[PDB]
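Structure 1 and structure 2 below are two forms of the same protein chain, each written out on its own as C-alpha cells.
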Structure 1
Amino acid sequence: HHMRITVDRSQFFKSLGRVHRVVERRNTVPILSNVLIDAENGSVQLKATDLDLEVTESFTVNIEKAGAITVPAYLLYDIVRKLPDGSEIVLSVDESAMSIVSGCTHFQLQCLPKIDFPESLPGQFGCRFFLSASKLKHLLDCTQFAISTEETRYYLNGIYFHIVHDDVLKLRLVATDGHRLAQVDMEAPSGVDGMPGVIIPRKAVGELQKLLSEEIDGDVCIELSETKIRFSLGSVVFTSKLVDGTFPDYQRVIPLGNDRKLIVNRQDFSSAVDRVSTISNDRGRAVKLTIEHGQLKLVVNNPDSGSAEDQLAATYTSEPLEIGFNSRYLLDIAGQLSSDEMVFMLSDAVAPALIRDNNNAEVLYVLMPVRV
C-alpha cells in the first residue's frame, strides 16, 4: 500500500505538535527521529516514541489511499509550520519517500517504512479508572516542580502515584528532589482499590502537562500495571514505562509537629526574596530569615558580589529564629500558592519547614533549610 491523504493544514499541525516533541533532538537512532503516519479506515494516526514514552494522536480524514510511512518529525513540523493556515496538504508515497504538496509548494522527503518503527504488544493493565482532566492537571501542577532532575537519584526523577488507605481512600501524588517535597491528595475515584504505588517518569509528566496546559475537557482514562502506565484523553494516548525502583518512605520527612508559625503576605515575601537573591551566583542561593515578633528580616551574602537585606511585616509570636533556605526554592513554593497568606510551620534552624496556603487542606509542601 502507498499512502495518499489530503489533510487540513491547521488540523495536521495541531496533531503533529502534540506528538513530535516526544522525539529527542539528541537522539542518534534514525527511526526514532521520525513520526509514524498511519492512514486507514477514515483516520490518520500520528505516533512518536523514544522507547520509554509513546504518544499517539488520531484525527478523522477521508483517505484516498490507505497506507503508512515514517517521516523525520522536527523537519515535518517545521515544514507544516510554514504552510498557510486554511490551506490543504497532500501527503503521498510513490513506488521510501513521501511527497508533500501544498499549492505550488512540493517537498520530497526521505523516509523510513512503518515496519522499521517500534510497535508494542497491546497494553495489559490490571488497574483502570477515570479522572477529570482538570483534576489530573491540578494534581500534576501541585507536584511537577519538585521532581528531581539529578541523574544520581533516578527513582526521584518522577512522581510517586499511590493510594493512601485512610478512612476514605485517597489518591496521592508525591514528588521530591531531596530538598523540596510536594504532596497532594484527593478522594480516590472508583476502581483504584489495590492500585500499586508507581513512579511516573519526569518526561511523561512533562509531556502530559504540556497537553493538559491547553485546558482539556472531559475525563482521562488511566490504566496501569507495575511496569507501564497509560493516559487516554481526547484523541491522544500517552503510554510510559514506570520507573523501576522503590520510592522513599517520604512520610518520615513531613513535619507534623512543628510548633512555630510564621504568616507573611505571599506577594511581599516573594518580591523581597526575589530582590535580595539578585546577588547570588553558583556558590549558593541561601537567604537567611531572621524571624522576630511581628517582623521578618531577609539577608543574602555572596563573597563575589556583596550583601542584600530587606524587611517585611509578619505575623509571628514564637521564640525568635534565624533560619536559612535556598531562595529559588522559596520562590518555587511561593509560586505554588494562590492565597494572599503564606504560612510556614517551623521548628529549629536545621529541621524541615512545612509550607502551605493558609487556606487549603489537600496540598502541602516541605522545604529543608540550609545553614546560614
Structure 2
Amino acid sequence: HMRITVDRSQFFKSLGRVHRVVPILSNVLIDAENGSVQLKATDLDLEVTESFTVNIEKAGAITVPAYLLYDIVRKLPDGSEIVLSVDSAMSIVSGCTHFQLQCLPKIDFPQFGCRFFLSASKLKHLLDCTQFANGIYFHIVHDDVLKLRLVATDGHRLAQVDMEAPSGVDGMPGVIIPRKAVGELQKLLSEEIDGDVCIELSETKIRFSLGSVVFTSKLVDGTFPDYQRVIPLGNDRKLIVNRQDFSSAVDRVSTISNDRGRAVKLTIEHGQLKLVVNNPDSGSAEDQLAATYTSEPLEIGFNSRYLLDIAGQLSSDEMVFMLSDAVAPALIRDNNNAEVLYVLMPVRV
C-alpha cells in the first residue's frame, strides 16, 4: 500500500512546478519514503522533480494522470488536508470529497564531470538575453578572465551574452541546449525566489537543482559553427538613442502594419532620427527622436518585433548601433555592459 497526508496549499504549489512538463507519459509519479515526498515527471527529453518534507505514513509509489490531479487540488478548499491512499486505484480525500483515480505502478516509470553554482536570477537573465534569438550554445571563452558565454543565432542573426565564470567551470566542454529546455527553465526560474542553482553537466544531460526542484534535460547532437563568423568586425557608423524613448517609438509606428509589413525604416541624419512605417492598405506613420549620430546619413530598415525583443533585453538608458549600409548586419549593444551583444539582419524598406 501507500498513504500520505499533505497540506493542500503546500501541495498545490509543489504541483505547479511539474505542471507544464502514451498512457504512462501523461501521468506523474509520487514516491513516499524517508520523511519526504518527491513528485516527478518526464517527457523522455526532460525530467522535473520536486520534493517537500512531510510525514509519511506508509512508503510506496504510484503513477497517476497529471493535469487531472492538478485540476482536483485546484478545486479542493484552500489550506485543507488531503489524504492519498492506495489499496492501481488511488483514493483522494478532502472532507467528504472522495476521489478514485486510475493509476499505473511505479515499475512502469523510467556521471557528471562538471559541477558548479550560479544564482537563479543571474541564470534567468542570460536565457532571456538569448531565448528570443535549435538551441543556445553553452561554452566558456578563455580570455585570461574566463567568461561563461551563451550564443543563439539564426543563420546570420545572433545573440551572445557573456559573464564572469564561477569556480568549477575549467574543463567544461561546449554543449547545445534544446530550446524546449530553456523555456521550461525560465518558467521554473520565474516561479521561485532567487537562490543558488547547482549546474551539473554529464556527457549527455545537464541538471539544475534549485533546492526542492531538480530539472534534467538531454542534449543536442551536433557541432556549432564558430558563430564569430556572422558577427561584423568593423562597423564604422555609431548611433546612440535613449533606449526607453526608442522602444516606445518603435512600438507606436509598427501598429499600421500588424501584418507582414513589420518592417520599419530608419532614416538617419546628424543628431536626428526619423522613423517610417508605410502600408499601402493602411497608410503611413512617422516619429522623430534625438540621436547621437555623426556618420554619413543612412536609411536602413529592420523587423519591428525583433528590435523590441532586443531593446526589451538591453538595460542601459542608451542603445548603441554598429552599422554599415542598408544591407549589412547591425551590431546592437548596451552603453555600459559588454556582457551581451546582438546581431540583426536588416530588411528591405
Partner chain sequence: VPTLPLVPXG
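Between two forms, the rigid core is defined as the largest C-alpha subset superposing within 1.5 Å. Structure 1 provides the reference sequence; residues are numbered from 1 along it.
Trainee: For this pair of chain forms, which number matches the form solved without its partner chain?
Mentor: Note: form solved without its partner chain is structure 2; the other is not.
Trainee: Given a cut-off of 2 Å on Cα movement between structures 1 and 2, rigid core as reference, pick the single residue from 75, 164, 101, 216 that exceeds or meets it.
Mentor: Flagged residue: 216.
Trainee: With a threshold of 2 Å on the C-alpha, tell me if residue 307 counts as moved between structures 1 and 2 once the core is superposed.
Mentor: Where the cores coincide, residue 307 still shows a C-alpha shift between structures 1 and 2 that is 2 Å or more.
Trainee: For residue 293, decide whether the Cα shift between structures 1 and 2 is 2 Å or greater, given a superposition on the rigid core.
Mentor: No.
Trainee: Do you see a C-alpha shift of 2 Å or more at residue 284 between structures 1 and 2, with the core held fixed?
Mentor: Indeed, residue 284 is displaced by 2 Å or more.
Trainee: In Å, how large is the C-alpha displacement of residue 186 between structures 1 and 2 after the rigid core is aligned?
Mentor: Here the C-alpha difference is 1.5 Å.
Trainee: Provide the displacement, in Å, of the CA of residue 256 between structures 1 and 2, taking the core as the superposition reference.
Mentor: Taking the core as reference, the C-alpha of residue 256 is shifted 3.3 Å.
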